[PDB]
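**Student:** One structure follows; several queries about it will come next.
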Amino acid sequence: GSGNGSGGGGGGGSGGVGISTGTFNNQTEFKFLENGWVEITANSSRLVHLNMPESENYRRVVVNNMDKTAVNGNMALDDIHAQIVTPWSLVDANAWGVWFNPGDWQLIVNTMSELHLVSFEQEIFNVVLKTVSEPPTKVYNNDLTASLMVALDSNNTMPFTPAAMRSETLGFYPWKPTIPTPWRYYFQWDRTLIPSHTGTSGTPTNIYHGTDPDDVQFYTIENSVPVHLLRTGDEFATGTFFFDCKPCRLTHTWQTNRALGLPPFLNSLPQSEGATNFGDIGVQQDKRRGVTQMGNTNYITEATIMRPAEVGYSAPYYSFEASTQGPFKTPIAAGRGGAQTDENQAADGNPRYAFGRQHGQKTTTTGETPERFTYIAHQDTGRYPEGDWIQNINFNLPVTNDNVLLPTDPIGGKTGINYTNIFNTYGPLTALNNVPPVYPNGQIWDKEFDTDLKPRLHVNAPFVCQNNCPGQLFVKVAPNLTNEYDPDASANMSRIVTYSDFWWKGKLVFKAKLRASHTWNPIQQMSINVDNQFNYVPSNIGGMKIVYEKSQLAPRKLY
Amino acid sequence: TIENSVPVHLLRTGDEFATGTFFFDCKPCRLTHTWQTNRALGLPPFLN
DNA sequence: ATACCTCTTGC
DNA sequence: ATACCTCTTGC
DNA sequence: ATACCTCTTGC
DNA sequence: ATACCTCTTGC
Ligand SMILES: [Mg+2]
Ligand SMILES: [Mg+2]
Ligand SMILES: [Mg+2]
Ligand SMILES: [Mg+2]
């Protein structure tokens, strides 16, 4: 029935028991420079809460949903894999929402034309630790001398696990607390699994072989980073980090192979208004001057005519490939979009995000179903397979069935397939763009692969750091023991129930550039209205939510 | 033909020949291998 | 005594 | 008197 | 350590 | 007071 004793505070220049060590700031600054450059500084802070780990051990676990895949035709459902599980927790902040609110986004997006990522740093403070002790009256006392541990993997020794890919970054609301996630990482494993269908006879091999001892790697924080111990008075801070990576644009393109170059001169123009009064080239298709890449005909049509190269490309879908560890969907860059979609035509390439209350779902809404959406980029660089086709070289037309392959004809005798599903047109002439950011649920920057050769882009984030990326930040509560402890014993050790709270504050800097009017007509711009109006404000209860928004609004020539 | 394109040296027993030293311009080669496949990239799922 | 099919990675 | 959709490859 | 809804009554 | 799996983007 004691308060513990209240203990007394000694005082240095950067801290003590009853001395704050930090300052809260989650404010965003725009600073206009000469020539239309802007320096955007975004501050962000949060109160973070964290419990002691389940157990102070590292574990090696295997996951096995064999049963589900055992089904036949449920290949895609495979979740098998191995992983190391640590006692540490990770503080990840890589995600649009952590840093900006809508108002901000708006601005950026409407007035700028390109954006560069500059630097970033973070710090922790006002640390606090309390212990629970318990008729179920729970009491809480500060444990003045206990500690919080912190480690920053600046060397990037640990494997990299961006958490946004699972919606586990921090929260997006400055005024409400949040937490870090428990850290874990992939551990190697061999695995086989033969695809099958409903109609498939017997049991296609489906097994977990084990682990290529060659491929083994087991890391630990303890052995690789220096751990800091903070007490309340303590505080920690990373330096400032600078990024090396390309800029990101905020404009989208729209021309496709069809709109490149000099359109054909029309010998004949309409003479009155009306949406049926077309113009006419006025020349026999087989009599026109110009250039093609087709040696046989004399036809020259908007679809035949030569273009300098090729925007976009086509690839297989839905493709699953498989290697040593099981199958996985083959990614695309492009996505699709347009008039012939409307989220329902929604296909391959468009990404889809799913998430919780901490990241956008309405706070007050009950029921644990995740909120979702499919981002549909503005950039018209994807494909409409249905429109594709292939024909015989003789090119005698109108064309015969025997000389043409359609998205309609079935391949391999399977009805619901056609060449477009296994087609691929990437090649030296291909040209395209990087994905666009996705607010607020998009990852912001990402690490590059350590392969000898490399992707030309990643699909999860727009900024890929060329060199090293900022090291991960882990934390964890220091074990607080009871008076009984026998390491020699097999049992798990008992600890005092302990937990901690601390504030975290970060600063992320971008640099961008104002855009300027070039066309006569105005352009698209994000804006509020009666329809969405409520998405941007709390409910009479404090309901909040963050809807997704687009990014590359304005157009730009492609050529 | 060699004859038309290089200079030929004639050595007798007493003779001897030597090339200069040549320096390479090319990437390094690593001696480590990777093992993760698309399946092992990133944050594994949290196990409840 | 090796430099991107000559002389000439010289001068 | 042409520089990456302005002024402005200026200053 | 308060200046006209940011940074910044700073520099 | 984060640099490309150590010390060490130090010296
Ligand atoms: Mg260091
Ligand atoms: Mg190092
Ligand atoms: Mg082996
Ligand atoms: Mg292997």
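Each chain in the structure tokens gets a letter, A, B and so on, in the order shown; residues start at 1 in every chain, and ligands are counted from 1 in the order they appear.
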Based on the backbone DSSP call, show me all residues of chain B assigned alpha helix (DSSP H), as number ranges by chain.
**Tutor:** B: 2-5
**Student:** Taking only C-alpha atoms (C1' of nucleotides) into account, find every residue of chain A that has an atom no more than 8 Å from chain D, and write it out as a ChimeraX atom specification.
**Tutor:** /A:516-518,556-557
**Student:** Record the distance separating atom CA of residue A:320 and atom CA of residue A:183, expressed in Å with one decimal.
**Tutor:**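 Interatomic distance here is 28.4 Å.
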**Student:** Using only C-alpha atoms (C1' of nucleotides), determine which residues lie at most 12 Å from residue B:18, disregarding the query and same-chain residues fewer than 2 positions distant; provide the list as a list in words.
**Tutor:** residues 9, 11, 15, 16, 20, 21 and 22 of chain B; 1 and 2 of chain C
**Student:** Return as number ranges by chain every polymer residue, whether protein, DNA or RNA, with at least one atom no more than 12 Å from an atom of ligand 3; count only C-alpha atoms (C1' of nucleotides) and all ligand atoms.
**Tutor:** A: 188-190, 210-216, 324; B: 33-35
**Student:** Write to file, as a PDB file, in the first residue's frame, the residues of the selection just made, with N, CA, C and O atoms.
**Tutor:**
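Saved file part.pdb follows:
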ATOM      1  N   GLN A 188      16.516 -18.191 -43.284  1.00  0.00           N
ATOM      2  CA  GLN A 188      16.445 -18.992 -44.493  1.00  0.00           C
ATOM      3  C   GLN A 188      15.722 -20.305 -44.403  1.00  0.00           C
ATOM      4  O   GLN A 188      15.800 -20.993 -43.390  1.00  0.00           O
ATOM      5  N   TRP A 189      15.127 -20.720 -45.520  1.00  0.00           N
ATOM      6  CA  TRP A 189      14.528 -22.040 -45.555  1.00  0.00           C
ATOM      7  C   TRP A 189      14.239 -22.511 -46.964  1.00  0.00           C
ATOM      8  O   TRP A 189      13.764 -21.734 -47.784  1.00  0.00           O
ATOM      9  N   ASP A 190      14.434 -23.807 -47.223  1.00  0.00           N
ATOM     10  CA  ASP A 190      14.129 -24.449 -48.506  1.00  0.00           C
ATOM     11  C   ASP A 190      12.712 -24.985 -48.546  1.00  0.00           C
ATOM     12  O   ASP A 190      12.250 -25.574 -47.567  1.00  0.00           O
ATOM     13  N   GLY A 210      13.745 -27.735 -45.248  1.00  0.00           N
ATOM     14  CA  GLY A 210      14.622 -27.441 -44.126  1.00  0.00           C
ATOM     15  C   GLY A 210      15.445 -26.192 -44.373  1.00  0.00           C
ATOM     16  O   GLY A 210      14.903 -25.182 -44.820  1.00  0.00           O
ATOM     17  N   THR A 211      16.746 -26.252 -44.063  1.00  0.00           N
ATOM     18  CA  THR A 211      17.591 -25.079 -44.175  1.00  0.00           C
ATOM     19  C   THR A 211      18.951 -25.369 -44.787  1.00  0.00           C
ATOM     20  O   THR A 211      19.689 -26.213 -44.291  1.00  0.00           O
ATOM     21  N   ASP A 212      19.286 -24.660 -45.863  1.00  0.00           N
ATOM     22  CA  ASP A 212      20.592 -24.792 -46.497  1.00  0.00           C
ATOM     23  C   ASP A 212      21.590 -24.213 -45.521  1.00  0.00           C
ATOM     24  O   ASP A 212      21.629 -23.037 -45.271  1.00  0.00           O
ATOM     25  N   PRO A 213      22.285 -25.025 -44.813  1.00  0.00           N
ATOM     26  CA  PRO A 213      23.207 -24.504 -43.853  1.00  0.00           C
ATOM     27  C   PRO A 213      24.072 -23.418 -44.469  1.00  0.00           C
ATOM     28  O   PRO A 213      24.537 -22.512 -43.808  1.00  0.00           O
ATOM     29  N   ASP A 214      24.236 -23.455 -45.770  1.00  0.00           N
ATOM     30  CA  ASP A 214      25.053 -22.465 -46.423  1.00  0.00           C
ATOM     31  C   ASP A 214      24.439 -21.113 -46.315  1.00  0.00           C
ATOM     32  O   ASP A 214      25.104 -20.125 -46.135  1.00  0.00           O
ATOM     33  N   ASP A 215      23.166 -21.077 -46.527  1.00  0.00           N
ATOM     34  CA  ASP A 215      22.440 -19.861 -46.528  1.00  0.00           C
ATOM     35  C   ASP A 215      22.155 -19.385 -45.062  1.00  0.00           C
ATOM     36  O   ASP A 215      21.346 -18.481 -44.806  1.00  0.00           O
ATOM     37  N   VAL A 216      22.827 -19.884 -44.027  1.00  0.00           N
ATOM     38  CA  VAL A 216      22.378 -19.447 -42.701  1.00  0.00           C
ATOM     39  C   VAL A 216      22.837 -18.143 -42.108  1.00  0.00           C
ATOM     40  O   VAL A 216      24.004 -18.022 -41.807  1.00  0.00           O
ATOM     41  N   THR A 324      13.830 -21.172 -54.887  1.00  0.00           N
ATOM     42  CA  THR A 324      14.156 -21.904 -53.718  1.00  0.00           C
ATOM     43  C   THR A 324      13.144 -21.855 -52.594  1.00  0.00           C
ATOM     44  O   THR A 324      13.091 -22.756 -51.754  1.00  0.00           O
TER      45      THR A 324
ATOM     46  N   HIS B  33      27.734 -14.996 -51.522  1.00  0.00           N
ATOM     47  CA  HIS B  33      26.551 -15.245 -52.294  1.00  0.00           C
ATOM     48  C   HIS B  33      25.348 -14.803 -51.521  1.00  0.00           C
ATOM     49  O   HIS B  33      25.384 -14.696 -50.296  1.00  0.00           O
ATOM     50  N   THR B  34      24.289 -14.565 -52.257  1.00  0.00           N
ATOM     51  CA  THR B  34      23.054 -14.166 -51.630  1.00  0.00           C
ATOM     52  C   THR B  34      22.135 -15.351 -51.531  1.00  0.00           C
ATOM     53  O   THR B  34      22.306 -16.335 -52.247  1.00  0.00           O
ATOM     54  N   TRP B  35      21.083 -15.216 -50.733  1.00  0.00           N
ATOM     55  CA  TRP B  35      20.198 -16.330 -50.636  1.00  0.00           C
ATOM     56  C   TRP B  35      18.774 -15.927 -50.576  1.00  0.00           C
ATOM     57  O   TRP B  35      17.920 -16.755 -50.803  1.00  0.00           O
TER      58      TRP B  35
END
**Student:** Please identify all polymer residues within 8 Å of stretch 532-537 of chain A, counting only C-alpha atoms (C1' of nucleotides), omitting same-chain residues fewer than 2 positions from it, and present them as a PyMOL selection string.
**Tutor:** chain A and resi 102+528-530+539+544-547
**Student:** Filtering to C-alpha atoms, could you give me those residues as a short mmCIF file (atom, residue, chain, number, x, y, z; two decimals), in the first residue's frame?
**Tutor:**
data_model
loop_
_atom_site.label_atom_id
_atom_site.label_comp_id
_atom_site.auth_asym_id
_atom_site.auth_seq_id
_atom_site.Cartn_x
_atom_site.Cartn_y
_atom_site.Cartn_z
CA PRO A 102 -3.56 16.61 -45.67
CA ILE A 528 -12.15 20.18 -50.86
CA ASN A 529 -15.85 20.07 -51.48
CA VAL A 530 -19.13 19.08 -50.18
CA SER A 539 -16.63 13.61 -35.72
CA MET A 544 -10.74 10.78 -37.30
CA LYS A 545 -9.61 9.35 -40.52
CA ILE A 546 -7.17 9.87 -43.29
CA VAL A 547 -8.22 9.21 -46.77
#
**Student:** Extract, using only C-alpha atoms (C1' of nucleotides), all DNA, RNA and protein residues at most 10 Å from residue B:44, discarding same-chain residues fewer than 3 positions from it, and format them as a PyMOL selection string.
**Tutor:** (chain A and resi 81-85+161-163+165-166+183-187) or (chain B and resi 39-41+47)
**Student:** Give me, please, the distance in Å between atom CA of residue A:332 and atom CA of residue A:459, quoted to one decimal.
**Tutor:**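 These two atoms are separated by 8.0 Å.
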